[PDB]
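Following: one structure in structure tokens, then a few remarks.
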Amino acid sequence: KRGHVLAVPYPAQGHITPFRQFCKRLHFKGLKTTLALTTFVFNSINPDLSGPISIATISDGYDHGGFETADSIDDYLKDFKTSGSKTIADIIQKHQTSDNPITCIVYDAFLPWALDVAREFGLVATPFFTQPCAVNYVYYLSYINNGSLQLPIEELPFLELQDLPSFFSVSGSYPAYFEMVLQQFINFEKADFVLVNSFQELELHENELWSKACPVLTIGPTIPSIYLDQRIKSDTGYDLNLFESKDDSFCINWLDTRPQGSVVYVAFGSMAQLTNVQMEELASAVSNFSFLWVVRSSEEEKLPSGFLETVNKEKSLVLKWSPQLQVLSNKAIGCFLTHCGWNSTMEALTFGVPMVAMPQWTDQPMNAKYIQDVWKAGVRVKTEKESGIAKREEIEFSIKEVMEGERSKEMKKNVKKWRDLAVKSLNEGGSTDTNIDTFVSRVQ
Ligand SMILES: O=c1ccn([C@@H]2O[C@H](COP(=O)(O)OP(=O)(O)O)[C@@H](O)[C@H]2O)c(=O)[nH]1
Ligand SMILES: *[C@@H]1O[C@H](CO)[C@@H](O)[C@H](O[C@@H]2O[C@H](CO)[C@@H](O)[C@H](O)[C@H]2O)[C@H]1O
Ligand SMILES: *[C@@H]1O[C@H](CO)[C@@H](O)[C@H](O)[C@H]1O
Ligand SMILES: O=C(O)c1ccccc1Br
């Protein structure tokens with residue numbers, strides 16, 4: 001009971017969730033954990049603190065209003081390095097006289113400066129990669145190549161430019177975030193271990209390639225235990241959400257009154273923003289189906305005029321935020337139109353839901369390529385070359401390809417083999433169970 005992990009996610013939903021889920025595993029194995037949330041995020045969730053994973057607050061420099069009050073992405077990350085470094089040190093020192101001093105920092109790989117804080121205080125330090133081995137390996141190859149990538153990639157020759165992370169195909173876009181994903185590797189060889197939210201059997205080739213460069217420990221998937229290994233009976237869902245929902249049994253009760261495989265689930269995660277015009281094509285494309293579609297509150301104005309008032313309530317429903325785990329487990333879902341965020345993707349693979357892949361940016365085009373051409377668990381929507389955006393007829397056809405055809409009955413078959421592979425990896429003797437045990441052994 002000696003060790004104590006301070007877990008520091010990037011302050012965004014797709015990072016806090018895998019970090020929190022990992023702390024639940026660690027707790028079940030006997031490791032005390034504290035999750036470090038920025039003050040802005042802490043005051044927006046108003047989390048419940050009567051649980052096994054304690055909360056500390058840190059600062060990113062934007063306590064009052066968070067990321068949106070920052071002038072720019074580069075200012076946000078630079079200020080987060082400054083205030084995050086001091087406030088993480090502040091937590092370490094505050095715990096020094098305690099019963100369990102902090103002994104280890106698990107920090108988002110996006111934040112390599114947290115390793116410097118951990119090393120200053122003599123702690124174990126491990127970066128935690130919330131994206132898959134293939135993506136991280138591609139970034140790693142580019143980092144050692146001075147931030148460039150020339151195709152084809154010898155060890156991954158099937159990758160075309162339209163499949164690389166958006167930073168390589170949209171020249172110059174988001175330079176602060178491109179620098180960030182490259183600099184994940186600035187010091188990661190000096191950490192005690194490198195953690196990845198994937199499982200070895202999902203990406204055998206890429207895990208082994210990347211491990212030659214630096215030993216990594218796959219410790220995923222971070223989907224709650226009740227849906228997979230079922231060894232942690234208290235781990236029943238995602239219980240830190242940055243978004244409010246209508247306390248939705250509303251959503252699951254409704255899915256129950258629908259025929260099996262009949263509903264198209266549409267969601268774009270917590271971050272991705274679609275333009276006026278992209279929302280028009282989408283709204284027209286999906287209205288040919290029975291659909292359950294998450295349109296985040298900030299995105300509603302970009303819906304076509306009078307759209308919310310003309311959805312057939314018998315066949316379709318529009319939500320502000322979904323209990324995505326319960327939706328993807330409900331058998332009313334015939335397919336998942338997704339932005340190919342890594343959590344959504346892994347969730348879809350394990351619940352055996354075939355995908356319509358509609359990536360937008362960052363690592364999402366990589367996940368899309370793997371969904372269609374490596375795992376063969378779905379089809380990618382074709383976007384216009386000159387205008388860049390997927391038109392209504394190409395989205396409707398992609399959904400059809402997954403819902404009905406001969407292509408459809410192949411992708412259902414292949415997508416169901418991943419659940420048991422993950423259950424095996426999480427059960428005793430599994431790949432991921434062994435790696436977690438290795439980490440727990442070092443920490444204490
Ligand atoms: O309406 C929604 C949309 C997303 N999610 C969850 O939010 C996470 C999104 O993470 P991902 O890596 O897919 O995408 P990002 O939001 O980081 O772009 C996932 O755990 C989803 O299950 C949810 O619960 N309800
Ligand atoms: C990275 O930059 C992009 C803008 O290009 C931001 O969307 C993102 O901010 C995230 O936005 C979410 C809400 O849509 C918040 O939940 C999240 O905490 C915040 O980090 C920047 O991270
Ligand atoms: C960065 O760019 C993509 C579209 O190119 C958008 O989906 C994100 O919301 C934005 O941050
Ligand atoms: O790719 C991601 O997960 C991501 C999330 C949040 C901010 C920036 C990025 Br580049």
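In the structure tokens, chains take letters A, B, ... by order of appearance, with residues numbered from 1 within each chain and ligands from 1 in the order shown.
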
In range 54-153 of chain A, what's strand (DSSP E) per DSSP? Answer as a PDB file with N, CA, C and O atoms, in the first residue's frame?
```
ATOM      1  N   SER A  54      -9.118  10.119  -5.577  1.00  0.00           N
ATOM      2  CA  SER A  54      -9.102  11.472  -5.035  1.00  0.00           C
ATOM      3  C   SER A  54      -8.742  12.483  -6.116  1.00  0.00           C
ATOM      4  O   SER A  54      -8.097  12.153  -7.117  1.00  0.00           O
ATOM      5  N   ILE A  55      -9.134  13.740  -5.890  1.00  0.00           N
ATOM      6  CA  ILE A  55      -8.928  14.816  -6.855  1.00  0.00           C
ATOM      7  C   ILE A  55      -8.050  15.889  -6.229  1.00  0.00           C
ATOM      8  O   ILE A  55      -8.267  16.292  -5.079  1.00  0.00           O
ATOM      9  N   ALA A  56      -7.062  16.355  -6.987  1.00  0.00           N
ATOM     10  CA  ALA A  56      -6.320  17.556  -6.664  1.00  0.00           C
ATOM     11  C   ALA A  56      -6.507  18.515  -7.827  1.00  0.00           C
ATOM     12  O   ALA A  56      -6.820  18.089  -8.944  1.00  0.00           O
ATOM     13  N   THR A  57      -6.407  19.822  -7.568  1.00  0.00           N
ATOM     14  CA  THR A  57      -6.497  20.783  -8.662  1.00  0.00           C
ATOM     15  C   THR A  57      -5.127  21.357  -8.987  1.00  0.00           C
ATOM     16  O   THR A  57      -4.300  21.577  -8.097  1.00  0.00           O
ATOM     17  N   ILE A  58      -4.895  21.583 -10.273  1.00  0.00           N
ATOM     18  CA  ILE A  58      -3.706  22.272 -10.731  1.00  0.00           C
ATOM     19  C   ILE A  58      -4.207  23.426 -11.571  1.00  0.00           C
ATOM     20  O   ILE A  58      -5.421  23.587 -11.755  1.00  0.00           O
ATOM     21  N   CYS A 104       4.909   8.673  -7.738  1.00  0.00           N
ATOM     22  CA  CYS A 104       4.942   8.480  -9.184  1.00  0.00           C
ATOM     23  C   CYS A 104       4.045   9.513  -9.865  1.00  0.00           C
ATOM     24  O   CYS A 104       2.958   9.818  -9.364  1.00  0.00           O
ATOM     25  N   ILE A 105       4.504  10.057 -10.994  1.00  0.00           N
ATOM     26  CA  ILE A 105       3.676  10.902 -11.852  1.00  0.00           C
ATOM     27  C   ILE A 105       3.403  10.141 -13.138  1.00  0.00           C
ATOM     28  O   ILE A 105       4.332   9.850 -13.907  1.00  0.00           O
ATOM     29  N   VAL A 106       2.134   9.847 -13.395  1.00  0.00           N
ATOM     30  CA  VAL A 106       1.686   9.435 -14.725  1.00  0.00           C
ATOM     31  C   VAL A 106       1.121  10.681 -15.406  1.00  0.00           C
ATOM     32  O   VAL A 106       0.106  11.235 -14.971  1.00  0.00           O
ATOM     33  N   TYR A 107       1.787  11.146 -16.457  1.00  0.00           N
ATOM     34  CA  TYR A 107       1.459  12.409 -17.090  1.00  0.00           C
ATOM     35  C   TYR A 107       1.128  12.174 -18.560  1.00  0.00           C
ATOM     36  O   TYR A 107       1.697  11.288 -19.220  1.00  0.00           O
ATOM     37  N   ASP A 108       0.184  12.954 -19.062  1.00  0.00           N
ATOM     38  CA  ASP A 108      -0.128  12.914 -20.473  1.00  0.00           C
ATOM     39  C   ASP A 108       1.139  13.043 -21.310  1.00  0.00           C
ATOM     40  O   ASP A 108       1.962  13.942 -21.079  1.00  0.00           O
ATOM     41  N   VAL A 124       9.109   8.282  -9.674  1.00  0.00           N
ATOM     42  CA  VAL A 124       8.846   7.541 -10.912  1.00  0.00           C
ATOM     43  C   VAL A 124       8.040   8.400 -11.886  1.00  0.00           C
ATOM     44  O   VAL A 124       7.129   9.149 -11.500  1.00  0.00           O
ATOM     45  N   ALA A 125       8.373   8.312 -13.169  1.00  0.00           N
ATOM     46  CA  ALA A 125       7.706   9.140 -14.173  1.00  0.00           C
ATOM     47  C   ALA A 125       7.378   8.284 -15.386  1.00  0.00           C
ATOM     48  O   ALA A 125       8.239   7.552 -15.878  1.00  0.00           O
ATOM     49  N   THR A 126       6.132   8.349 -15.853  1.00  0.00           N
ATOM     50  CA  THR A 126       5.748   7.581 -17.027  1.00  0.00           C
ATOM     51  C   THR A 126       4.772   8.400 -17.856  1.00  0.00           C
ATOM     52  O   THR A 126       3.688   8.773 -17.369  1.00  0.00           O
ATOM     53  N   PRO A 127       5.113   8.687 -19.108  1.00  0.00           N
ATOM     54  CA  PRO A 127       4.140   9.268 -20.021  1.00  0.00           C
ATOM     55  C   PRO A 127       3.061   8.272 -20.386  1.00  0.00           C
ATOM     56  O   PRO A 127       3.288   7.066 -20.442  1.00  0.00           O
ATOM     57  N   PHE A 128       1.876   8.798 -20.651  1.00  0.00           N
ATOM     58  CA  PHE A 128       0.704   7.985 -20.928  1.00  0.00           C
ATOM     59  C   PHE A 128       0.182   8.459 -22.276  1.00  0.00           C
ATOM     60  O   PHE A 128      -0.278   9.604 -22.407  1.00  0.00           O
ATOM     61  N   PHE A 129       0.257   7.589 -23.276  1.00  0.00           N
ATOM     62  CA  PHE A 129      -0.179   7.932 -24.633  1.00  0.00           C
ATOM     63  C   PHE A 129      -1.644   7.539 -24.791  1.00  0.00           C
ATOM     64  O   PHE A 129      -1.992   6.358 -24.664  1.00  0.00           O
TER      65      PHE A 129
END
```

Checklist entry - Using only C-alpha atoms and all ligand atoms, which protein or nucleic acid residues are at most 8 Å from ligand 3, as number ranges by chain? => result A: 174, 271-274, 360-361

Compute the set of protein, DNA and RNA residues whose minimum atom distance to ligand 2 is at most 8 Å, using only C-alpha atoms and all ligand atoms, and state it as a PDB file with C-alpha atoms, in the first residue's frame.
```
ATOM      1  CA  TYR A  10      -4.339  16.791 -20.809  1.00  0.00           C
ATOM      2  CA  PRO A  11      -7.413  18.848 -19.753  1.00  0.00           C
ATOM      3  CA  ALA A  12      -9.898  17.428 -22.253  1.00  0.00           C
ATOM      4  CA  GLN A  13     -12.514  14.690 -22.207  1.00  0.00           C
ATOM      5  CA  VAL A  41     -12.306  21.821 -15.417  1.00  0.00           C
ATOM      6  CA  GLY A  66     -10.195  27.819 -19.346  1.00  0.00           C
ATOM      7  CA  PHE A  67      -8.904  27.268 -22.878  1.00  0.00           C
ATOM      8  CA  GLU A  68     -11.348  29.621 -24.597  1.00  0.00           C
ATOM      9  CA  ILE A  73      -2.931  27.586 -28.649  1.00  0.00           C
ATOM     10  CA  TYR A 174      -2.110  24.031 -35.940  1.00  0.00           C
ATOM     11  CA  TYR A 177      -0.241  21.209 -31.674  1.00  0.00           C
ATOM     12  CA  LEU A 242     -17.246  17.698 -18.955  1.00  0.00           C
ATOM     13  CA  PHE A 243     -20.697  17.921 -20.603  1.00  0.00           C
ATOM     14  CA  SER A 270     -15.955  16.381 -27.393  1.00  0.00           C
ATOM     15  CA  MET A 271     -13.897  18.737 -29.539  1.00  0.00           C
ATOM     16  CA  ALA A 272     -14.367  18.512 -33.291  1.00  0.00           C
ATOM     17  CA  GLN A 273     -16.350  21.365 -34.845  1.00  0.00           C
TER      18      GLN A 273
END
```

Enumerate residues in contact with ligand 1: an atom-to-atom distance of at most 10 Å, counting only C-alpha atoms and all ligand atoms. Format the result as an mmCIF file with N, CA, C and O atoms, in the first residue's frame.
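The resulting out_19.cif:
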```cif
data_model
loop_
_atom_site.group_PDB
_atom_site.id
_atom_site.type_symbol
_atom_site.label_atom_id
_atom_site.label_comp_id
_atom_site.auth_asym_id
_atom_site.auth_seq_id
_atom_site.Cartn_x
_atom_site.Cartn_y
_atom_site.Cartn_z
ATOM 1 N N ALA A 12 -8.860 17.600 -21.243
ATOM 2 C CA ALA A 12 -9.898 17.428 -22.253
ATOM 3 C C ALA A 12 -10.492 16.045 -22.076
ATOM 4 O O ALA A 12 -9.854 15.149 -21.526
ATOM 5 N N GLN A 13 -11.741 15.890 -22.531
ATOM 6 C CA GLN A 13 -12.514 14.690 -22.207
ATOM 7 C C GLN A 13 -11.823 13.411 -22.662
ATOM 8 O O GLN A 13 -11.862 12.397 -21.952
ATOM 9 N N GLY A 14 -11.258 13.406 -23.877
ATOM 10 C CA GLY A 14 -10.671 12.171 -24.383
ATOM 11 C C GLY A 14 -9.371 11.800 -23.730
ATOM 12 O O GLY A 14 -8.776 10.749 -24.026
ATOM 13 N N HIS A 15 -8.880 12.669 -22.856
ATOM 14 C CA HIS A 15 -7.691 12.374 -22.080
ATOM 15 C C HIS A 15 -8.022 12.104 -20.619
ATOM 16 O O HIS A 15 -7.507 11.162 -20.051
ATOM 17 N N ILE A 16 -8.958 12.854 -20.030
ATOM 18 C CA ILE A 16 -9.324 12.617 -18.638
ATOM 19 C C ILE A 16 -9.937 11.233 -18.466
ATOM 20 O O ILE A 16 -9.617 10.511 -17.514
ATOM 21 N N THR A 17 -10.805 10.831 -19.403
ATOM 22 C CA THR A 17 -11.464 9.526 -19.329
ATOM 23 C C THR A 17 -10.488 8.352 -19.323
ATOM 24 O O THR A 17 -10.527 7.566 -18.366
ATOM 25 N N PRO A 18 -9.591 8.166 -20.315
ATOM 26 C CA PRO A 18 -8.636 7.043 -20.187
ATOM 27 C C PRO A 18 -7.762 7.116 -18.928
ATOM 28 O O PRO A 18 -7.416 6.063 -18.357
ATOM 29 N N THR A 130 -2.509 8.525 -25.029
ATOM 30 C CA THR A 130 -3.925 8.228 -25.176
ATOM 31 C C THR A 130 -4.278 7.860 -26.615
ATOM 32 O O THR A 130 -5.424 7.505 -26.882
ATOM 33 N N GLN A 131 -3.308 7.856 -27.524
ATOM 34 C CA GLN A 131 -3.549 7.490 -28.915
ATOM 35 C C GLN A 131 -2.824 6.190 -29.266
ATOM 36 O O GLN A 131 -1.946 5.745 -28.517
ATOM 37 N N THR A 222 -9.185 1.088 -22.066
ATOM 38 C CA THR A 222 -9.714 1.643 -20.822
ATOM 39 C C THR A 222 -11.242 1.645 -20.764
ATOM 40 O O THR A 222 -11.814 2.456 -20.038
ATOM 41 N N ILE A 223 -11.914 0.786 -21.525
ATOM 42 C CA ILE A 223 -13.376 0.665 -21.433
ATOM 43 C C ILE A 223 -13.732 0.033 -20.091
ATOM 44 O O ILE A 223 -13.004 -0.862 -19.638
ATOM 45 N N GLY A 237 -18.973 2.569 -15.762
ATOM 46 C CA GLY A 237 -19.147 3.562 -16.801
ATOM 47 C C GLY A 237 -18.164 4.689 -16.603
ATOM 48 O O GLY A 237 -17.340 4.675 -15.681
ATOM 49 N N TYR A 238 -18.256 5.659 -17.508
ATOM 50 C CA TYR A 238 -17.487 6.894 -17.417
ATOM 51 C C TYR A 238 -18.178 7.830 -16.431
ATOM 52 O O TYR A 238 -19.336 8.205 -16.646
ATOM 53 N N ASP A 239 -17.487 8.217 -15.350
ATOM 54 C CA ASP A 239 -18.152 9.004 -14.311
ATOM 55 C C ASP A 239 -17.513 10.371 -14.091
ATOM 56 O O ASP A 239 -17.748 11.004 -13.060
ATOM 57 N N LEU A 240 -16.732 10.856 -15.048
ATOM 58 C CA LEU A 240 -16.304 12.253 -15.069
ATOM 59 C C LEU A 240 -16.606 12.760 -16.464
ATOM 60 O O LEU A 240 -15.915 12.390 -17.421
ATOM 61 N N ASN A 241 -17.633 13.592 -16.587
ATOM 62 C CA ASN A 241 -18.015 14.147 -17.873
ATOM 63 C C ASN A 241 -17.918 15.655 -17.810
ATOM 64 O O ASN A 241 -18.367 16.267 -16.836
ATOM 65 N N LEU A 242 -17.315 16.248 -18.841
ATOM 66 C CA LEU A 242 -17.246 17.698 -18.955
ATOM 67 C C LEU A 242 -18.499 18.295 -19.591
ATOM 68 O O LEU A 242 -18.548 19.510 -19.807
ATOM 69 N N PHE A 243 -19.491 17.470 -19.921
ATOM 70 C CA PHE A 243 -20.697 17.921 -20.603
ATOM 71 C C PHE A 243 -21.922 17.394 -19.875
ATOM 72 O O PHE A 243 -21.938 16.251 -19.410
ATOM 73 N N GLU A 244 -22.960 18.224 -19.820
ATOM 74 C CA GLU A 244 -24.214 17.858 -19.175
ATOM 75 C C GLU A 244 -25.116 17.107 -20.149
ATOM 76 O O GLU A 244 -25.126 17.393 -21.347
ATOM 77 N N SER A 245 -25.867 16.140 -19.623
ATOM 78 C CA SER A 245 -26.818 15.349 -20.390
ATOM 79 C C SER A 245 -28.140 15.316 -19.636
ATOM 80 O O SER A 245 -28.188 15.568 -18.430
ATOM 81 N N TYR A 265 -26.015 5.544 -35.165
ATOM 82 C CA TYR A 265 -25.514 6.424 -34.117
ATOM 83 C C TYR A 265 -24.465 7.360 -34.709
ATOM 84 O O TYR A 265 -23.522 6.910 -35.368
ATOM 85 N N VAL A 266 -24.629 8.659 -34.470
ATOM 86 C CA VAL A 266 -23.773 9.690 -35.062
ATOM 87 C C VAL A 266 -23.238 10.570 -33.938
ATOM 88 O O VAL A 266 -24.025 11.205 -33.239
ATOM 89 N N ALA A 267 -21.909 10.641 -33.785
ATOM 90 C CA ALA A 267 -21.317 11.495 -32.750
ATOM 91 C C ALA A 267 -19.900 11.878 -33.135
ATOM 92 O O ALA A 267 -19.164 11.056 -33.684
ATOM 93 N N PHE A 268 -19.501 13.102 -32.781
ATOM 94 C CA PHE A 268 -18.190 13.631 -33.151
ATOM 95 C C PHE A 268 -17.325 13.975 -31.936
ATOM 96 O O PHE A 268 -16.477 14.872 -32.004
ATOM 97 N N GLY A 269 -17.510 13.253 -30.830
ATOM 98 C CA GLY A 269 -16.652 13.429 -29.664
ATOM 99 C C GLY A 269 -16.877 14.764 -28.965
ATOM 100 O O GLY A 269 -17.947 15.369 -29.040
ATOM 101 N N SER A 270 -15.828 15.252 -28.303
ATOM 102 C CA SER A 270 -15.955 16.381 -27.393
ATOM 103 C C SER A 270 -15.383 17.685 -27.938
ATOM 104 O O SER A 270 -15.504 18.726 -27.279
ATOM 105 N N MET A 271 -14.815 17.678 -29.136
ATOM 106 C CA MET A 271 -13.897 18.737 -29.539
ATOM 107 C C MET A 271 -14.143 19.186 -30.973
ATOM 108 O O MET A 271 -14.111 20.385 -31.283
ATOM 109 N N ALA A 272 -14.339 18.218 -31.866
ATOM 110 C CA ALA A 272 -14.367 18.512 -33.291
ATOM 111 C C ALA A 272 -15.557 19.399 -33.618
ATOM 112 O O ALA A 272 -16.670 19.171 -33.131
ATOM 113 N N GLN A 273 -15.315 20.426 -34.429
ATOM 114 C CA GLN A 273 -16.350 21.365 -34.845
ATOM 115 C C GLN A 273 -16.564 21.239 -36.343
ATOM 116 O O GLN A 273 -15.595 21.244 -37.113
ATOM 117 N N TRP A 293 -28.268 11.032 -32.911
ATOM 118 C CA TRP A 293 -27.222 11.949 -33.338
ATOM 119 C C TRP A 293 -26.933 12.931 -32.219
ATOM 120 O O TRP A 293 -27.831 13.663 -31.797
ATOM 121 N N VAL A 294 -25.683 12.937 -31.745
ATOM 122 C CA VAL A 294 -25.210 13.927 -30.781
ATOM 123 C C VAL A 294 -24.785 15.183 -31.530
ATOM 124 O O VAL A 294 -23.828 15.156 -32.315
ATOM 125 N N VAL A 295 -25.463 16.290 -31.252
ATOM 126 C CA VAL A 295 -25.090 17.617 -31.730
ATOM 127 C C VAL A 295 -24.797 18.428 -30.479
ATOM 128 O O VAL A 295 -25.729 18.782 -29.742
ATOM 129 N N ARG A 296 -23.511 18.695 -30.213
ATOM 130 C CA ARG A 296 -23.146 19.416 -29.002
ATOM 131 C C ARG A 296 -23.791 20.801 -29.013
ATOM 132 O O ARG A 296 -24.078 21.367 -30.073
ATOM 133 N N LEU A 319 -29.436 14.485 -29.444
ATOM 134 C CA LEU A 319 -29.002 14.722 -28.074
ATOM 135 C C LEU A 319 -27.876 15.752 -28.036
ATOM 136 O O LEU A 319 -27.180 15.979 -29.030
ATOM 137 N N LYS A 320 -27.701 16.372 -26.862
ATOM 138 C CA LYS A 320 -26.572 17.277 -26.650
ATOM 139 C C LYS A 320 -25.298 16.537 -26.246
ATOM 140 O O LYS A 320 -24.189 17.015 -26.539
ATOM 141 N N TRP A 321 -25.437 15.390 -25.569
ATOM 142 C CA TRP A 321 -24.328 14.560 -25.101
ATOM 143 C C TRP A 321 -24.907 13.195 -24.751
ATOM 144 O O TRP A 321 -25.967 13.108 -24.126
ATOM 145 N N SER A 322 -24.234 12.136 -25.175
ATOM 146 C CA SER A 322 -24.796 10.810 -24.998
ATOM 147 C C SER A 322 -24.043 10.002 -23.954
ATOM 148 O O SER A 322 -22.859 10.245 -23.690
ATOM 149 N N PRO A 323 -24.711 9.038 -23.327
ATOM 150 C CA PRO A 323 -23.994 7.981 -22.586
ATOM 151 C C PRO A 323 -23.430 6.985 -23.590
ATOM 152 O O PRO A 323 -23.971 5.894 -23.823
ATOM 153 N N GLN A 324 -22.312 7.365 -24.216
ATOM 154 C CA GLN A 324 -21.882 6.674 -25.434
ATOM 155 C C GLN A 324 -21.634 5.190 -25.197
ATOM 156 O O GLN A 324 -21.896 4.370 -26.084
ATOM 157 N N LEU A 325 -21.136 4.815 -24.013
ATOM 158 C CA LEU A 325 -20.877 3.403 -23.743
ATOM 159 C C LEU A 325 -22.168 2.589 -23.791
ATOM 160 O O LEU A 325 -22.229 1.529 -24.423
ATOM 161 N N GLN A 326 -23.207 3.073 -23.117
ATOM 162 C CA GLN A 326 -24.480 2.360 -23.108
ATOM 163 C C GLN A 326 -25.109 2.328 -24.499
ATOM 164 O O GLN A 326 -25.717 1.321 -24.882
ATOM 165 N N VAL A 327 -24.959 3.410 -25.279
ATOM 166 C CA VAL A 327 -25.508 3.423 -26.636
ATOM 167 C C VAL A 327 -24.857 2.338 -27.482
ATOM 168 O O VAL A 327 -25.539 1.554 -28.156
ATOM 169 N N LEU A 328 -23.523 2.283 -27.466
ATOM 170 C CA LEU A 328 -22.785 1.352 -28.314
ATOM 171 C C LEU A 328 -22.969 -0.102 -27.891
ATOM 172 O O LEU A 328 -22.663 -1.005 -28.679
ATOM 173 N N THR A 338 -18.691 8.174 -36.982
ATOM 174 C CA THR A 338 -17.786 8.615 -35.934
ATOM 175 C C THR A 338 -16.713 9.512 -36.525
ATOM 176 O O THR A 338 -16.325 9.354 -37.685
ATOM 177 N N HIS A 339 -16.190 10.417 -35.698
ATOM 178 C CA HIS A 339 -15.034 11.192 -36.126
ATOM 179 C C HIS A 339 -13.733 10.430 -35.999
ATOM 180 O O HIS A 339 -12.689 10.993 -36.330
ATOM 181 N N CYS A 340 -13.771 9.186 -35.516
ATOM 182 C CA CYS A 340 -12.575 8.347 -35.349
ATOM 183 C C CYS A 340 -11.610 8.903 -34.299
ATOM 184 O O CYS A 340 -10.388 8.793 -34.446
ATOM 185 N N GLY A 341 -12.150 9.512 -33.243
ATOM 186 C CA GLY A 341 -11.365 9.672 -32.032
ATOM 187 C C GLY A 341 -10.966 8.318 -31.474
ATOM 188 O O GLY A 341 -11.660 7.320 -31.671
ATOM 189 N N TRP A 342 -9.815 8.265 -30.801
ATOM 190 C CA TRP A 342 -9.296 6.954 -30.416
ATOM 191 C C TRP A 342 -10.183 6.260 -29.378
ATOM 192 O O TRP A 342 -10.381 5.040 -29.458
ATOM 193 N N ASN A 343 -10.729 6.997 -28.389
ATOM 194 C CA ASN A 343 -11.621 6.339 -27.428
ATOM 195 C C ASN A 343 -12.872 5.807 -28.127
ATOM 196 O O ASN A 343 -13.245 4.639 -27.945
ATOM 197 N N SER A 344 -13.515 6.638 -28.966
ATOM 198 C CA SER A 344 -14.695 6.187 -29.707
ATOM 199 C C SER A 344 -14.369 4.982 -30.569
ATOM 200 O O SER A 344 -15.167 4.045 -30.669
ATOM 201 N N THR A 345 -13.197 4.993 -31.208
ATOM 202 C CA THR A 345 -12.817 3.896 -32.089
ATOM 203 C C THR A 345 -12.643 2.599 -31.309
ATOM 204 O O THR A 345 -13.269 1.579 -31.628
ATOM 205 N N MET A 346 -11.800 2.620 -30.271
ATOM 206 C CA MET A 346 -11.632 1.428 -29.446
ATOM 207 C C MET A 346 -12.960 0.980 -28.844
ATOM 208 O O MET A 346 -13.264 -0.218 -28.818
ATOM 209 N N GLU A 347 -13.782 1.927 -28.388
ATOM 210 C CA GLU A 347 -15.096 1.557 -27.870
ATOM 211 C C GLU A 347 -15.904 0.819 -28.936
ATOM 212 O O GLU A 347 -16.465 -0.258 -28.683
ATOM 213 N N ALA A 348 -15.942 1.372 -30.154
ATOM 214 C CA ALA A 348 -16.696 0.734 -31.229
ATOM 215 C C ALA A 348 -16.139 -0.655 -31.550
ATOM 216 O O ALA A 348 -16.901 -1.609 -31.744
ATOM 217 N N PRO A 359 -13.319 11.088 -40.348
ATOM 218 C CA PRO A 359 -12.301 11.813 -39.582
ATOM 219 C C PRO A 359 -12.268 13.282 -39.959
ATOM 220 O O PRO A 359 -12.517 13.659 -41.111
ATOM 221 N N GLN A 360 -11.879 14.116 -38.990
ATOM 222 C CA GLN A 360 -11.786 15.562 -39.193
ATOM 223 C C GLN A 360 -10.368 16.111 -39.129
ATOM 224 O O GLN A 360 -10.013 16.948 -39.968
ATOM 225 N N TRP A 361 -9.548 15.696 -38.159
ATOM 226 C CA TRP A 361 -8.202 16.266 -37.991
ATOM 227 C C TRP A 361 -7.428 15.416 -36.986
ATOM 228 O O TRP A 361 -7.904 14.363 -36.542
ATOM 229 N N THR A 362 -6.224 15.888 -36.613
ATOM 230 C CA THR A 362 -5.294 15.263 -35.621
ATOM 231 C C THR A 362 -5.078 13.802 -36.035
ATOM 232 O O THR A 362 -4.761 13.557 -37.209
ATOM 233 N N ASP A 363 -5.200 12.819 -35.132
ATOM 234 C CA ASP A 363 -4.902 11.430 -35.486
ATOM 235 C C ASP A 363 -6.059 10.735 -36.188
ATOM 236 O O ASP A 363 -5.914 9.573 -36.600
ATOM 237 N N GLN A 364 -7.191 11.411 -36.335
ATOM 238 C CA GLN A 364 -8.404 10.739 -36.797
ATOM 239 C C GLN A 364 -8.266 10.113 -38.192
ATOM 240 O O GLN A 364 -8.784 8.997 -38.383
#
```

Checklist entry - Excluding same-chain residues fewer than 2 positions from residue 435 in chain A, what lies within 12 Å of it counting only C-alpha atoms, as a PyMOL selection string? => result chain A and resi 25-26+193-200+215-220+425-433+437-442

Checklist entry - Skipping near chain neighbours, those fewer than 2 positions away, what residues fall within 7 Å of range 399-410 of chain A using only C-alpha atoms, listed as a ChimeraX atom specification? => result /A:334-335,354,356,378,395-397,412-414

With C-alpha atoms kept, could you save the residues just selected as an mmCIF file, in the first residue's frame?
```cif
data_model
loop_
_atom_site.group_PDB
_atom_site.id
_atom_site.type_symbol
_atom_site.label_atom_id
_atom_site.label_comp_id
_atom_site.auth_asym_id
_atom_site.auth_seq_id
_atom_site.Cartn_x
_atom_site.Cartn_y
_atom_site.Cartn_z
ATOM 1 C CA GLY A 334 -26.706 -0.760 -36.599
ATOM 2 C CA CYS A 335 -23.623 1.370 -37.137
ATOM 3 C CA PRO A 354 -19.271 -1.332 -37.531
ATOM 4 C CA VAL A 356 -18.774 4.930 -40.891
ATOM 5 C CA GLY A 378 -16.071 -0.044 -41.354
ATOM 6 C CA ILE A 395 -22.252 9.868 -46.609
ATOM 7 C CA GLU A 396 -25.610 8.209 -47.328
ATOM 8 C CA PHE A 397 -23.847 5.622 -49.525
ATOM 9 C CA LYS A 412 -19.895 -7.301 -38.895
ATOM 10 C CA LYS A 413 -18.023 -10.642 -38.773
ATOM 11 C CA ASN A 414 -14.562 -9.123 -38.312
#
```

Item to check | Contact residues around residue 182 in chain A with only C-alpha atoms at 8 Å, ignoring same-chain residues under 3 positions, as a PyMOL selection string | outcome: chain A and resi 139-140+142-143+147+178-179+185-186
